[PDB]
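> Sharing a structure with you now.
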Amino acid sequence: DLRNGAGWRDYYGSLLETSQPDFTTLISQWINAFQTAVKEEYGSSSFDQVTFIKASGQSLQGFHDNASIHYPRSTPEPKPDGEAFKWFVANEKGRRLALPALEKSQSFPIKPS
RNA sequence: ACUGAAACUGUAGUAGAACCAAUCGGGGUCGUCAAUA
């Protein structure tokens, strides 16, 4: 039950039961208000191409390339010892990959050498 | 060349009105560490 203050002013205007406005006719308007504000203030020709929107969507959605999510490690299997740093030292001596941009959805290699 | 007597500083009046002990915060999570020879 969402109303503007004019709708609440009508609600408090009576002790009798009164119609509530159907927010479901307005939800698209409000969401588009948000989307047009994001486009206009952050300089984009689309809402879903705003970088923080594009990134945030990928987070909620996950990664479509079916590479597994796990912390970096040198073996595809998680070894029973806390030695995942071995990937990072291999990365430091290897290709020295940065964490890929969330929008780009690029997976790390298990050997960053 | 005679002490006055006797007479309750009491009677009425609410230390009270107003004020939210409150505002913000996912019980959460990943890269090494160490300095010589």
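Please note that chains go A, B, ... in the order of the structure tokens, that every chain numbers its residues from 1, and that ligands are numbered from 1 in the order shown.
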Find the residues in chain A near chain B: any atom within 9 Å counts, using only C-alpha atoms (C1' of nucleotides). Write them as a PyMOL selection string.

chain A and resi 71-72+83-89

> Going by DSSP on the backbone, which residues of stretch 37-80 of chain A come out as helix (DSSP H, G or I)? List them as a ChimeraX atom specification.

/A:37-41,51-61

> Which distance in Å separates atom CA of residue A:113 and atom CA of residue A:97, to one decimal?

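We find that atom CA of residue A:113 and atom CA of residue A:97 lie 9.6 Å from each other.
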
> Have a look at atom CA of residue A:22 and atom CA of residue A:1 and let me know their distance in Å, one decimal.

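For atom CA of residue A:22 relative to atom CA of residue A:1, the distance reads 7.8 Å.
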
> Separation of atom CA of residue A:77 and atom CA of residue A:63, in Å?

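So the answer is 19.8 Å.
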